[PDB]
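Data block below; observations after.
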Amino acid sequence: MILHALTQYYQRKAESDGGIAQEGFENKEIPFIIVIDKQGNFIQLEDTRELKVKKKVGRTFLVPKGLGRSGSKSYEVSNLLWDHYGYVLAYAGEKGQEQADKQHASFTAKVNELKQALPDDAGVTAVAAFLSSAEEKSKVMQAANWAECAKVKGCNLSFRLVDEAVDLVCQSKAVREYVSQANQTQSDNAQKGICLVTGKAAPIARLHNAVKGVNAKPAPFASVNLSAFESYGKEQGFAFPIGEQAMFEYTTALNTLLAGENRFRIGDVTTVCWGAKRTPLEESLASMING
RNA sequence: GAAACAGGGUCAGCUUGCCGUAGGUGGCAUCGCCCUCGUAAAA
């Protein structure tokens, strides 16, 4: 009942003010956010990096998912608004600026289609004009704040537009409904059965969402990657069919648990710990008592 | 839901006195004493 249980807990977190990502997001940490007006052009640069024992990568913002780069044609894929410096600002960082430019090229296009698919939000218009006039930040990326010089702890920056100061353009309502309906449409495009978890016919998710914490590297919960494990011609990640919506559900539930206090990580075997009726008052304890 | 290695090896070694010494001693009557006796045996 592994995956089904994970899904149960995701449902609990969603329904119980747990503030988990809503089917359409990941709580990616933004090292710093560019504050913009209707034209941006470096209205301000806030650095969010101020955090715990180390100078971390910002405040936890349930921004759209990391669409993942996966190497070769990295620049083609670009996260929705929050993204890599070369994608967003076309900051050089190194000779890998040309690719960054291409990164920027697609990121712009992404933002541009974000404007085209979702107009009437000042944020996307703002970032579009921002991309047009990134020179205003071409100085700022060495004027206000820095990216720790290769691709580290300043990378994965994002955009916040002035006049709200607390809500990221990524997590802005308008952009949110866009990304949710987009996750719905692209899902509708793909095949439609069957969930291993909800058991309903639903979009099968290739590339399970790489839950983070058990391995040192964030790792797939279940990714039939190598060719042999590819069992019955389902051939990569359909080998296991799980509803992509439910894929999100459980992978986020697992991520939260793995990052929650419930991680009594005995040596290798990290051990999350649910409660079907969440908050059974033992869930928080179960690590403290076995660890 | 077939085919699938825990694997290919890895001195516990190297070496180290249980020793240097250390009275069983000093010493203490076997004693004090006691009839083999009373006796029957020259065929």
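Cβ coordinates were reconstructed from backbone atoms using ideal geometry, including for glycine residues, and neighbour counts include every protein chain displayed. Read the figures in this text as sums done on the coordinates, not as results from a lab.
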Q: Take region A:242-267 and flag every residue that is within 16 Å of RNA strand B (Cβ to nearest atom), surrounded by 19 or more Cβ atoms within 10 Å (Cβ to Cβ) and assigned to a loop (DSSP other than H, G, I, E, B).
A: A:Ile242
Q: Can you tell me which residue among A:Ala190, A:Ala201, A:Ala182, A:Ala239 is surrounded by fewer than 20 Cβ atoms within 10 Å (Cβ to Cβ), over 14 Å from A:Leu6 (Cβ atoms) and under 17 Å from the mean Cα position of the chain (by Cα)?
A: A:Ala182
Q | Count of region A:219-236 residues which are loosely packed, with under 15 Cβ neighbours inside 10 Å and either near RNA strand B (Cβ under 9 Å from one of its atoms) or not polar (S, T, N, Q) (or both) | A | 10
Q | Only listed residue being under 14 Å from the mean Cα position of the chain (by Cα), β-branched (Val, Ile, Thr), crowded, with 16+ Cβ neighbours inside 10 Å and within 20 Å of A:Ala147 (Cα to Cα), chosen from A:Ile30, A:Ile43 | A | A:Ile30
Q. Quick one: what pairs do we get from region A:221-232, first residue under 17 Å from A:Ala205 (Cβ atoms), second of a type in the set (S, T, N, Q) and near RNA strand B (Cβ under 9 Å from one of its atoms), C-beta under 9 Å, 6+ apart or different chains?
A. A:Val224/A:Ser231
Q.
Which residue is surrounded by the most Cβ atoms within 10 Å (Cβ to Cβ), if the candidates are limited to region A:95-142 and must be aliphatic (A, V, I, L, M) and in contact (Cβ under 8 Å) with a residue 60 or more places away in the chain?
A. A:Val127
